[PDB]
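> According to the authors' numbering, the residues represented by the sequence shown are 107 to 237, in order. Shown below is the structure under consideration.
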Amino acid sequence: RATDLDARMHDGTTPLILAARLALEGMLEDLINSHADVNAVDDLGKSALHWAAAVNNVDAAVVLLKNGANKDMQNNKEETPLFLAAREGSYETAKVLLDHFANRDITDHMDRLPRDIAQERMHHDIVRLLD
Numbered sequence: 107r108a109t110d111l112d113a114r115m116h117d118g119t120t121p122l123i124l125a126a127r128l129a130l131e132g133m134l135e136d137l138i139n140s141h142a143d144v145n146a147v148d149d150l151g152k153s154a155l156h157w158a159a160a161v162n163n164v165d166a167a168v169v170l171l172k173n174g175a176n177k178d179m180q181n182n183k184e185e186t187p188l189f190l191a192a193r194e195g196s197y198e199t200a201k202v203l204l205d206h207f208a209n210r211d212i213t214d215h216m217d218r219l220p221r222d223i224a225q226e227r228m229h230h231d232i233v234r235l236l237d
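Printed below as a string of structure tokens:
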């Protein structure tokens, strides 16, 4: 009952996501290598991969991908990991995402494309990357 460690925080955060979000080097493989639900989501509908994107933890984004992470996963706001990458400006990580064929055409709840949020949030290099 050690898989019961898909234990969450009050807000749905799990160990993997912490690891992603906090970019803690080993626990990602530990958690993934221990068969941690790689598509677990916090109350907001965010996966490790999202969270890794948001913070641009390329490494994490890398491995999570390498191990079955739903790359086109949408959160409550329908924002995929790629999307947040832009919005926040995870250049390196958006590369990673597209390099894996992430659908740059999926839009959030306001029909905004990952390009619209990079453009808007003036993350120019992501704008062109998306192009």
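Virtual Cβ for every residue (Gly too), placed ideally from N, Cα, C.
#1: Can you tell me whether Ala142 is buried or exposed? The criterion is at least 16 other CB atoms within 10 Å of its CB, across all chains shown.
#2: Rounded to whole angstroms, what's the CA-CA distance from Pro220 to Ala108? Just pull it up for me.
#3: Taking the alpha-carbon of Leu171 as reference, which of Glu185, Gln180, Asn182 and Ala154 has the nearest alpha-carbon?
#4: In chain order, what residues of the same chain have a beta carbon less than 7 Å from the beta carbon of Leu137, not counting five sequence neighbours either side?
#5: Alpha carbon to alpha carbon, how far is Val202 from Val168? Give it in angstroms, no decimals.
#6: Hey, out of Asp214, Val147, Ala208 and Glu194, whose CA is closest to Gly118's CA?
#7: Within 10 angstroms of its Cβ, does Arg127 collect 16 or more other Cβ (buried), or is it exposed?
So, from the listed chains and residues:
#1: buried
#2: 38 Å
#3: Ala154
#4: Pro121, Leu122 and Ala125
#5: 7 Å
#6: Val147
#7: buried
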